[PDB]
Structure formats: C-alpha cells, structure tokens
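These notes are about the structure you will find just below.
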Amino acid sequence: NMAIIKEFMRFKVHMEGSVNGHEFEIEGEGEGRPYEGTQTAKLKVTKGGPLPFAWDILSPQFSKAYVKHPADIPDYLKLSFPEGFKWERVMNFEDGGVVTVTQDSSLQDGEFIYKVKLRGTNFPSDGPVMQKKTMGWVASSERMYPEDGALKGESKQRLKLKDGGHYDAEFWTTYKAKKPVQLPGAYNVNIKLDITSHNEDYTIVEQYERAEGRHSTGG
C-alpha cells in the first residue's frame, strides 16, 4: 500500500508507431494491482487499422510499475513517482526484424499516463510477423541490473507460431527515473503476458500480465 502508488491503479496509454513503414496509432486503458504484480489493458487501434502485422510485437509495450517486489529489492520504478520514468527498448528478432521503442510514464490526476513511440523495421515480408503467424509469448524472465544511474533489463524471448514452431528475440531495455531514487541490485523479473481476447482483425485487443521480482540464482 502507498499514498502515491495505490493498491489499485488505472493507466491510459497512447502509442504511435510504424512497422515496415506502415503507420498506426493505438489508444488504450488499463488497470491493475501494482503490489500484486497483475494488470490488464484494453487496446484499440485508432489509426492505420487493421494492422498488417502481428499484434504480438506490440503487446510488451503497453507497465513495470506493476511488478510485485519483495521488501528487500528496492522498487525503483514505483519510487520514481509522482514524477515517473522513461524507458527505451531494442528488440532484435532472429530473422533480422528490429523494433525500437521509447516510452514516457507519468502520473496525472491519480492515473498513470503512458506515451509510447515504436519503430519496427527490416521484417521479412515472408516472415511470421508480416504474415501474422505468431501465437503469443512464452513465459519469460528479465534479468535486471543497475548501470550508469539507470536500471537495465535483458531477456531472451520466444513467440509461439501457428505451425507449432517458435520465433526468438532478444530484448534490451533501459529504465530511468526522472529523479534519483534508489536502484536495486541484480534480480530477475518473471513475466507472463497473455492476449485474453481480441476481435478478428486485432483492432480491439485485451491483455493480461503478471510480473514478479525474485532473487537471482546466478544465470
């Protein structure tokens, strides 16, 4: 519980982006329990729909204030509020596709405000992203560490495919508070991110995420 970060918190998110040159925008609203590590969101494509690419490359960009942390791991991103934090991400896919993301998180009138900019490039026209063959992310673990006054995370990620195969990516993210709050040591964040409902052309999508920090066991 907390005065700034309450046990139940809503957010609003705006994304502008392009993937292989296709421009789009998304608006959404979310809610969750920041100290329990759970959240949901409802997203709507508002420009450029229906998207000609897999929703799954967008789903991890819609909220790490909602990670459950044990008391002995400083919860840097919660401590950054009310001012908030920024994050920057590179996602390199095994077939050469690249997604870069920048994000601003703030708190306004008791709700989080998320502003996302996204650029996907170099996806093969034949690959599973532009052919919409992906079927969600496998549960994953983000390895966290402090560096140069920011919190960094790195993860190996895997998308399931309609043909029963998999499509891998590496994620690198830097999270920086707008004020100089306490950084944690190294630890792991276990993440499960699900698409819980969508319409036929993925112009209306709902997501759920559970995330929890746990002590590293070395790897």
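Following the order of the structure tokens, first chain is A, next is B, and so on, with residues numbered from 1 inside each chain and ligands from 1 in the order they appear.
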Per residue of region 75-159 of chain A within 8 Å of region 182-189 of chain A, what are the shortest atom pair and its distance in Å to one decimal, counting only C-alpha atoms, with rows by chain and residue number, as JSON lines?
```
{"residue": "A:75", "atom": "CA", "partner": "A:184", "partner_atom": "CA", "distance": 7.2}
{"residue": "A:76", "atom": "CA", "partner": "A:183", "partner_atom": "CA", "distance": 5.6}
{"residue": "A:79", "atom": "CA", "partner": "A:182", "partner_atom": "CA", "distance": 7.7}
{"residue": "A:141", "atom": "CA", "partner": "A:189", "partner_atom": "CA", "distance": 5.4}
{"residue": "A:142", "atom": "CA", "partner": "A:189", "partner_atom": "CA", "distance": 5.0}
{"residue": "A:143", "atom": "CA", "partner": "A:188", "partner_atom": "CA", "distance": 4.7}
{"residue": "A:144", "atom": "CA", "partner": "A:186", "partner_atom": "CA", "distance": 5.3}
{"residue": "A:145", "atom": "CA", "partner": "A:186", "partner_atom": "CA", "distance": 4.3}
{"residue": "A:146", "atom": "CA", "partner": "A:185", "partner_atom": "CA", "distance": 6.4}
{"residue": "A:149", "atom": "CA", "partner": "A:183", "partner_atom": "CA", "distance": 7.8}
{"residue": "A:150", "atom": "CA", "partner": "A:183", "partner_atom": "CA", "distance": 7.4}
{"residue": "A:151", "atom": "CA", "partner": "A:183", "partner_atom": "CA", "distance": 6.8}
```
Restrict the selected residues to N, CA, C and O atoms and save them as a PDB file, in the first residue's frame.
```
ATOM      1  N   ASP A  75      12.080  -1.081  -5.128  1.00  0.00           N
ATOM      2  CA  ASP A  75      11.153  -0.986  -6.253  1.00  0.00           C
ATOM      3  C   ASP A  75      11.334   0.377  -6.916  1.00  0.00           C
ATOM      4  O   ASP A  75      10.535   1.298  -6.784  1.00  0.00           O
ATOM      5  N   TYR A  76      12.470   0.483  -7.629  1.00  0.00           N
ATOM      6  CA  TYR A  76      12.912   1.716  -8.270  1.00  0.00           C
ATOM      7  C   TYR A  76      11.806   2.392  -9.079  1.00  0.00           C
ATOM      8  O   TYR A  76      11.639   3.622  -9.003  1.00  0.00           O
ATOM      9  N   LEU A  79       9.160   3.895  -6.865  1.00  0.00           N
ATOM     10  CA  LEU A  79       9.746   5.042  -6.154  1.00  0.00           C
ATOM     11  C   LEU A  79       9.935   6.268  -7.050  1.00  0.00           C
ATOM     12  O   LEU A  79      10.096   7.379  -6.533  1.00  0.00           O
ATOM     13  N   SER A 141      11.770 -14.434 -18.385  1.00  0.00           N
ATOM     14  CA  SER A 141      12.437 -13.866 -17.217  1.00  0.00           C
ATOM     15  C   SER A 141      13.335 -12.731 -17.684  1.00  0.00           C
ATOM     16  O   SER A 141      14.171 -12.942 -18.567  1.00  0.00           O
ATOM     17  N   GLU A 142      13.180 -11.549 -17.102  1.00  0.00           N
ATOM     18  CA  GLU A 142      14.010 -10.399 -17.470  1.00  0.00           C
ATOM     19  C   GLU A 142      15.066 -10.269 -16.386  1.00  0.00           C
ATOM     20  O   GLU A 142      14.745 -10.217 -15.200  1.00  0.00           O
ATOM     21  N   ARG A 143      16.338 -10.276 -16.784  1.00  0.00           N
ATOM     22  CA  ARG A 143      17.438 -10.155 -15.841  1.00  0.00           C
ATOM     23  C   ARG A 143      17.762  -8.678 -15.681  1.00  0.00           C
ATOM     24  O   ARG A 143      18.057  -7.998 -16.671  1.00  0.00           O
ATOM     25  N   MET A 144      17.685  -8.188 -14.454  1.00  0.00           N
ATOM     26  CA  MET A 144      17.810  -6.759 -14.156  1.00  0.00           C
ATOM     27  C   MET A 144      19.153  -6.445 -13.525  1.00  0.00           C
ATOM     28  O   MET A 144      19.691  -7.253 -12.777  1.00  0.00           O
ATOM     29  N   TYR A 145      19.700  -5.258 -13.822  1.00  0.00           N
ATOM     30  CA  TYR A 145      20.917  -4.837 -13.139  1.00  0.00           C
ATOM     31  C   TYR A 145      21.033  -3.329 -13.240  1.00  0.00           C
ATOM     32  O   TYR A 145      20.585  -2.726 -14.230  1.00  0.00           O
ATOM     33  N   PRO A 146      21.611  -2.696 -12.252  1.00  0.00           N
ATOM     34  CA  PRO A 146      21.865  -1.244 -12.324  1.00  0.00           C
ATOM     35  C   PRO A 146      23.109  -0.935 -13.136  1.00  0.00           C
ATOM     36  O   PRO A 146      24.124  -1.628 -13.035  1.00  0.00           O
ATOM     37  N   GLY A 149      23.565   4.734 -13.441  1.00  0.00           N
ATOM     38  CA  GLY A 149      22.473   5.504 -12.868  1.00  0.00           C
ATOM     39  C   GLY A 149      21.112   5.171 -13.406  1.00  0.00           C
ATOM     40  O   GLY A 149      20.170   5.924 -13.150  1.00  0.00           O
ATOM     41  N   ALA A 150      20.954   4.043 -14.080  1.00  0.00           N
ATOM     42  CA  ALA A 150      19.681   3.583 -14.599  1.00  0.00           C
ATOM     43  C   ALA A 150      19.518   2.098 -14.282  1.00  0.00           C
ATOM     44  O   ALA A 150      20.450   1.425 -13.831  1.00  0.00           O
ATOM     45  N   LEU A 151      18.306   1.596 -14.446  1.00  0.00           N
ATOM     46  CA  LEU A 151      18.024   0.170 -14.303  1.00  0.00           C
ATOM     47  C   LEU A 151      17.960  -0.442 -15.692  1.00  0.00           C
ATOM     48  O   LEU A 151      17.267   0.078 -16.562  1.00  0.00           O
TER      49      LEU A 151
END
```
Region 155-161 of chain A environment, 10 Å, only C-alpha atoms, sequence neighbours closer than 2 positions dropped, as a ChimeraX atom specification = /A:56-57,91-94,128-129,132-144,153,163-173,188-189
Could you write those residues out with N, CA, C and O atoms, as a tab-separated table (two decimals), in the first residue's frame?
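Okay, part-v2.tsv is ready:
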```tsv
chain	number	residue	atom	x	y	z
A	56	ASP	N	1.49	-9.33	-31.61
A	56	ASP	CA	2.40	-9.72	-30.53
A	56	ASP	C	3.63	-8.83	-30.43
A	56	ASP	O	4.21	-8.73	-29.35
A	57	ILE	N	4.10	-8.21	-31.53
A	57	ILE	CA	5.29	-7.36	-31.35
A	57	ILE	C	4.98	-6.07	-30.60
A	57	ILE	O	5.89	-5.42	-30.07
A	91	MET	N	14.39	-4.55	-29.52
A	91	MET	CA	14.01	-5.98	-29.69
A	91	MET	C	14.57	-6.48	-31.07
A	91	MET	O	14.30	-5.92	-32.18
A	92	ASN	N	15.54	-7.39	-30.96
A	92	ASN	CA	16.14	-7.93	-32.18
A	92	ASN	C	15.60	-9.34	-32.40
A	92	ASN	O	15.79	-10.22	-31.55
A	93	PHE	N	14.95	-9.56	-33.52
A	93	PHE	CA	14.37	-10.86	-33.85
A	93	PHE	C	15.32	-11.70	-34.68
A	93	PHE	O	16.19	-11.17	-35.39
A	94	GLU	N	15.14	-13.02	-34.60
A	94	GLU	CA	16.15	-13.92	-35.18
A	94	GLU	C	16.22	-13.85	-36.69
A	94	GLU	O	17.27	-14.24	-37.24
A	128	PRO	N	7.06	-14.46	-39.93
A	128	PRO	CA	5.84	-14.68	-39.17
A	128	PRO	C	5.22	-13.39	-38.68
A	128	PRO	O	4.03	-13.38	-38.33
A	129	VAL	N	5.96	-12.29	-38.62
A	129	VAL	CA	5.37	-11.04	-38.15
A	129	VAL	C	4.52	-10.42	-39.24
A	129	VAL	O	3.34	-10.12	-39.02
A	132	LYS	N	1.48	-12.59	-39.89
A	132	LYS	CA	0.54	-12.80	-38.77
A	132	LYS	C	0.44	-14.27	-38.37
A	132	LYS	O	-0.65	-14.83	-38.22
A	133	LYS	N	1.59	-14.90	-38.18
A	133	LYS	CA	1.64	-16.31	-37.82
A	133	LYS	C	2.02	-16.54	-36.36
A	133	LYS	O	2.23	-17.69	-35.95
A	134	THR	N	2.12	-15.48	-35.56
A	134	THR	CA	2.54	-15.65	-34.17
A	134	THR	C	1.33	-15.91	-33.27
A	134	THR	O	0.19	-15.56	-33.61
A	135	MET	N	1.59	-16.59	-32.16
A	135	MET	CA	0.55	-17.05	-31.23
A	135	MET	C	0.95	-16.82	-29.79
A	135	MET	O	0.68	-17.67	-28.92
A	136	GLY	N	1.57	-15.68	-29.49
A	136	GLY	CA	1.77	-15.28	-28.12
A	136	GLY	C	3.16	-15.60	-27.58
A	136	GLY	O	3.86	-16.47	-28.09
A	137	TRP	N	3.57	-14.86	-26.55
A	137	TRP	CA	4.88	-15.01	-25.93
A	137	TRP	C	4.87	-16.12	-24.90
A	137	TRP	O	3.96	-16.21	-24.07
A	138	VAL	N	5.92	-16.91	-24.89
A	138	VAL	CA	6.16	-17.87	-23.81
A	138	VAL	C	6.51	-17.09	-22.55
A	138	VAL	O	7.12	-16.01	-22.63
A	139	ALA	N	6.17	-17.63	-21.38
A	139	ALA	CA	6.59	-17.01	-20.11
A	139	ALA	C	8.09	-16.76	-20.14
A	139	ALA	O	8.82	-17.62	-20.63
A	140	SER	N	8.51	-15.64	-19.56
A	140	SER	CA	9.91	-15.24	-19.71
A	140	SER	C	10.46	-14.66	-18.41
A	140	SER	O	9.74	-14.45	-17.42
A	141	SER	N	11.77	-14.43	-18.38
A	141	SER	CA	12.44	-13.87	-17.22
A	141	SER	C	13.33	-12.73	-17.68
A	141	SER	O	14.17	-12.94	-18.57
A	142	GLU	N	13.18	-11.55	-17.10
A	142	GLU	CA	14.01	-10.40	-17.47
A	142	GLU	C	15.07	-10.27	-16.39
A	142	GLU	O	14.75	-10.22	-15.20
A	143	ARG	N	16.34	-10.28	-16.78
A	143	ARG	CA	17.44	-10.15	-15.84
A	143	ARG	C	17.76	-8.68	-15.68
A	143	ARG	O	18.06	-8.00	-16.67
A	144	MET	N	17.68	-8.19	-14.45
A	144	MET	CA	17.81	-6.76	-14.16
A	144	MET	C	19.15	-6.44	-13.52
A	144	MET	O	19.69	-7.25	-12.78
A	153	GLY	N	17.46	-3.98	-18.13
A	153	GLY	CA	16.96	-5.34	-18.17
A	153	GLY	C	17.26	-5.96	-19.52
A	153	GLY	O	17.38	-5.27	-20.54
A	163	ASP	N	2.45	-22.82	-36.89
A	163	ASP	CA	2.94	-24.11	-37.37
A	163	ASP	C	3.55	-24.97	-36.27
A	163	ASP	O	4.08	-26.05	-36.58
A	164	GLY	N	3.46	-24.55	-35.01
A	164	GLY	CA	3.99	-25.33	-33.92
A	164	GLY	C	5.42	-25.03	-33.59
A	164	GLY	O	5.94	-25.57	-32.60
A	165	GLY	N	6.07	-24.15	-34.36
A	165	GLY	CA	7.44	-23.77	-34.13
A	165	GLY	C	7.54	-22.56	-33.22
A	165	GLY	O	6.62	-22.21	-32.48
A	166	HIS	N	8.70	-21.92	-33.26
A	166	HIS	CA	8.94	-20.77	-32.39
A	166	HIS	C	9.74	-19.75	-33.16
A	166	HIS	O	10.38	-20.06	-34.17
A	167	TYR	N	9.73	-18.51	-32.66
A	167	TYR	CA	10.39	-17.38	-33.28
A	167	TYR	C	11.00	-16.55	-32.17
A	167	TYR	O	10.27	-16.07	-31.29
A	168	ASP	N	12.31	-16.45	-32.14
A	168	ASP	CA	13.02	-15.93	-30.98
A	168	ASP	C	13.45	-14.49	-31.16
A	168	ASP	O	13.65	-13.99	-32.28
A	169	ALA	N	13.61	-13.82	-30.01
A	169	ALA	CA	14.08	-12.44	-30.00
A	169	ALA	C	14.89	-12.20	-28.74
A	169	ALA	O	14.80	-12.93	-27.75
A	170	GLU	N	15.73	-11.17	-28.80
A	170	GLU	CA	16.44	-10.66	-27.63
A	170	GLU	C	15.92	-9.26	-27.34
A	170	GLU	O	15.83	-8.44	-28.26
A	171	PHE	N	15.65	-9.02	-26.07
A	171	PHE	CA	15.15	-7.70	-25.63
A	171	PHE	C	16.18	-7.02	-24.73
A	171	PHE	O	16.75	-7.69	-23.87
A	172	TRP	N	16.40	-5.73	-24.95
A	172	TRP	CA	17.28	-4.92	-24.08
A	172	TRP	C	16.53	-3.63	-23.73
A	172	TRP	O	16.10	-2.96	-24.66
A	173	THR	N	16.38	-3.35	-22.44
A	173	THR	CA	15.62	-2.18	-22.05
A	173	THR	C	16.40	-1.41	-21.00
A	173	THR	O	17.04	-2.00	-20.13
A	188	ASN	N	15.78	-10.92	-10.89
A	188	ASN	CA	15.03	-11.41	-12.06
A	188	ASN	C	13.55	-11.06	-11.95
A	188	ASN	O	13.00	-11.12	-10.86
A	189	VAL	N	12.95	-10.71	-13.08
A	189	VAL	CA	11.52	-10.45	-13.10
A	189	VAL	C	10.88	-11.50	-13.98
A	189	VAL	O	11.17	-11.58	-15.18
```
Apply DSSP to the structure's backbone, then extract all residues of region 113-193 of chain A labelled strand (DSSP E or B) and return them as number ranges by chain.
-> A: 113-121, 134-137, 140-147, 150-161, 166-177, 187-193
With only C-alpha atoms as the basis for distance, which of A:47, A:162, A:198, A:192 is at the shortest distance from residue 18 (chain A)?
->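 Answer, going by the shortest atom-to-atom distance: A:47.
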Which is closer to residue 111 (chain A) than all the others in A:212, A:31, A:25, A:206, using only C-alpha atoms?
->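 Closest residue, counting only C-alpha atoms: A:31.
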Contact residues around residue 211 (chain A) with only C-alpha atoms at 7 Å, ignoring same-chain residues under 4 positions, as a ChimeraX atom specification = /A:37-38,67-68,189-192
Go through region 18-182 of chain A and collect every residue that DSSP, computed from the backbone, puts in helix (DSSP H, G or I); the answer should be as JSON, numbers by chain.
-> {"A": [55, 56, 57, 59, 60, 61, 64, 65, 66, 76, 77, 78, 79]}
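Between CA of residue 5 (chain A) and CA of residue 27 (chain A) the interatomic distance comes to 22.7 Å.
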Of the candidates A:174, A:199, A:131, A:100, which one gets nearest to residue 147 (chain A) if we count only C-alpha atoms?
-> A:174
Quick one: residues within 9 Å of residue 84 (chain A), only C-alpha atoms counted, chain neighbours fewer than 5 positions away excluded, as a list in words?
->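 Residues near the query, excluding close chain neighbours: residues 77, 78, 79, 104, 105, 106, 107, 112, 176, 177, 178 and 179 of chain A.
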For residue 21 (chain A), list every protein, DNA or RNA residue within 10 Å, evaluated using only C-alpha atoms, and leave out those in the same chain fewer than 6 positions away; present the list as a list in words.
-> residues 119, 120, 121 and 122 of chain A
Could you save those same residues with C-alpha atoms as a tab-separated table (two decimals), in the first residue's frame?
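Once written, selection05.tsv looks like this:
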```tsv
chain	number	residue	atom	x	y	z
A	119	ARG	CA	9.55	1.74	-34.95
A	120	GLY	CA	9.67	-1.75	-36.45
A	121	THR	CA	11.94	-2.29	-39.45
A	122	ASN	CA	13.54	-4.98	-41.61
```
Compile the contact shell of residue 4 (chain A) as a list in words: residues with an atom at most 9 Å away, counting only C-alpha atoms, same-chain residues fewer than 5 positions apart removed.
-> residues 78, 81, 82 and 110 of chain A
Output C-alpha atoms of each residue in that selection to a file, as a short mmCIF file (atom, residue, chain, number, x, y, z; two decimals), in the first residue's frame.
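For reference, out_37.cif as written:
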```
data_model
loop_
_atom_site.label_atom_id
_atom_site.label_comp_id
_atom_site.auth_asym_id
_atom_site.auth_seq_id
_atom_site.Cartn_x
_atom_site.Cartn_y
_atom_site.Cartn_z
CA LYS A 78 7.43 2.71 -8.10
CA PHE A 81 6.58 8.57 -8.89
CA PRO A 82 4.95 11.02 -8.94
CA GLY A 110 -4.13 9.70 -9.84
#
```
Provide the CA of residue 99 (chain A) to CA of residue 214 (chain A) distance in Å, to one decimal place.
->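 Between CA of residue 99 (chain A) and CA of residue 214 (chain A) the gap is 27.4 Å.
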Could you give me, as a PyMOL selection string, the residues within 8 Å of residue 49 (chain A), counting only C-alpha atoms and dropping anything in the same chain fewer than 3 positions from it?
-> chain A and resi 24+45-46+52+203
How about saving the chosen residues, N, CA and C atoms kept, as a tab-separated table (two decimals), in the first residue's frame?
```tsv
chain	number	residue	atom	x	y	z
A	24	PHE	N	0.66	3.71	-37.70
A	24	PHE	CA	-0.57	3.40	-36.96
A	24	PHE	C	-0.54	4.14	-35.63
A	45	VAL	N	-7.03	-0.02	-31.86
A	45	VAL	CA	-6.33	0.62	-32.97
A	45	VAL	C	-7.16	1.80	-33.44
A	46	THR	N	-6.55	2.98	-33.46
A	46	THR	CA	-7.27	4.22	-33.79
A	46	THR	C	-6.82	4.85	-35.09
A	52	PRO	N	-1.26	-4.68	-40.58
A	52	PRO	CA	-0.81	-5.76	-41.46
A	52	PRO	C	0.34	-6.52	-40.84
A	203	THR	N	-8.15	-5.26	-34.12
A	203	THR	CA	-8.31	-3.83	-33.88
A	203	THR	C	-8.82	-3.53	-32.49
```
